[PDB]
Amino acid sequence: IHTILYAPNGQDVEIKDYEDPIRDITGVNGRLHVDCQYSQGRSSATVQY
Amino acid sequence: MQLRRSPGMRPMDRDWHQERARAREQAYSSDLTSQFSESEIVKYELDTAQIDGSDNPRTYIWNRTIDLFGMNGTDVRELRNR
């Protein structure tokens, strides 16, 4: 089972601070690109109630 | 003989330039009669200055009645996308 992480500005989560150029507002914004894929789904079993 | 007011000499007067620069900066419209003295319009040839309010900074500065966000005094021609 693969978790695939992509980030344009590094390896991992990117957090950016900013001021609004006009409005006396400050913010913080996080991003990360993620997918998850089985290489072999047969390698896995759920347990059911 | 030429005098500083005489029509062929106006372009050499520093003050004719400086006052035409003022007139462009203080106007809101090409309507000179409303905004200037007859004396100023004649002395500085304001008919021939490209006065239209496009050079006045107050055309572009925001001045809203209520200012919750510090928006007042911002000038649109200083923004990122200008």
Side-chain angles (χ1 to χ4, degrees), chain A, chain B residues 11 13-41 43-82:
Chain A
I1 181 70
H2 291 93
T3 299
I4 307 96
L5 303 186
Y6 168 74
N9 303 300
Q11 200 74 336
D12 212 319
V13 165
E14 301 296 332
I15 299 174
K16 296 194 289 194
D17 303 4
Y18 53 107
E19 269 68 53
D20 183 304
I22 303 162
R23 288 170 168 273
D24 289 358
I25 291 160
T26 295
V28 299
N29 289 347
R31 65 204 42 62
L32 175 66
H33 298 249
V34 48
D35 201 7
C36 190
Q37 297 297 340
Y38 277 108
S39 155
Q40 292 287 358
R42 292 172 294 169
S43 75
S44 180
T46 46
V47 176
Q48 167 174 333
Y49 193 101
Chain B
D13 183 354
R14 282 176 188 278
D15 320 336
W16 179 88
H17 287 270
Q18 290 288 355
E19 291 293 309
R20 288 162 69 89
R22 175 192 59 93
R24 288 184 296 257
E25 288 169 26
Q26 301 306 328
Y28 293 109
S29 167
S30 303
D31 176 24
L32 300 176
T33 304
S34 186
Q35 295 169 106
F36 303 96
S37 176
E38 186 187 61
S39 306
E40 290 170 294
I41 294 164
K43 179 175 181 181
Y44 304 116
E45 307 189 336
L46 296 186
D47 291 318
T48 301
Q50 304 104 303
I51 292 163
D52 57 17
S54 69
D55 281 5
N56 181 343
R58 295 189 180 91
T59 301
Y60 307 104
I61 294 163
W62 294 351
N63 277 121
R64 190 188 160 71
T65 302
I66 300 104
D67 185 39
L68 280 180
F69 299 97
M71 279 163 63
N72 281 0
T74 62
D75 182 356
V76 290
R77 45 174 194 149
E78 298 190 330
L79 302 177
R80 285 169 167 194
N81 61 7
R82 271 72 175 179

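Values below: all heavy atoms of this structure, side chains included; hydrogens, waters and symmetry mates excluded. Chain naming here is simple, since letters A, B, ... match the order of the sequence lines and numbering starts at 1 in each.
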Would you find more than 12 non-hydrogen atoms of other residues, nucleotides or ligands less than 6.0 Å from [X] atom [atom1]?
X: A:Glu14; atom1: CD; value: yes
X: A:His2; atom1: NE2; value: no
X: B:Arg58; atom1: CZ; value: no
X: B:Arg64; atom1: CZ; value: no

Worked check of side-chain contact (heavy atoms from CB on, under 4.5 Å) between B:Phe69 and A:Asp20
CA-CA 10 Å; B:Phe69 299 97; A:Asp20 183 304; over 6 Å; no

Which bit of B:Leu68 is near chain A, if near means a heavy-atom gap under 4.5 Å: side chain, backbone, both or neither?
neither

Closest non-hydrogen contact found for A:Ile22 with B:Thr74 is O-CG2, 4.2 Å

